[PDB]
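To start, the structure itself, in structure tokens.
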Amino acid sequence: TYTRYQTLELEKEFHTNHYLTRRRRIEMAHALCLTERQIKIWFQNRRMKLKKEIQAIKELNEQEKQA
Ligand SMILES: [Cl-]
Ligand SMILES: [Cl-]
């Protein structure tokens, strides 16, 4: 799972940049005390979450622009 601090810090980083470099993933890994894999998955899932939020709004705006 992910602690209150890990979540807050992962979100802070995510908003700065959705994609990380291998060097950055390492930095994050040591800082948040999560493995490279735990960071890699979190970022993939957080991108998946965003992709869905963007689509939901896109289709809400298409819906609300009728009649
Ligand atoms: Cl906690
Ligand atoms: Cl990553």
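Quick note: the sequence shown uses the deposited numbering, first residue 7, plus one each step. Built from N, CA and C at the ideal position, the CB exists for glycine as well.
Our two residues, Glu19 and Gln72, have alpha carbons roughly 38 Å apart in a direct line. According to the DSSP assignment, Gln12 belongs to the alpha helix (DSSP H) that extends over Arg10 to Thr22. A direct Cα-Cα distance of roughly 38 Å separates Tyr11 from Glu68. Rounded to whole angstroms, the gap between the alpha carbons of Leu38 and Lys64 is 34 Å. Going by beta carbons, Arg53 and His21 fall outside the 9 Å limit. Per DSSP, the continuous alpha helix (DSSP H) segment holding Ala62 begins and ends at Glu42 to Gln69.
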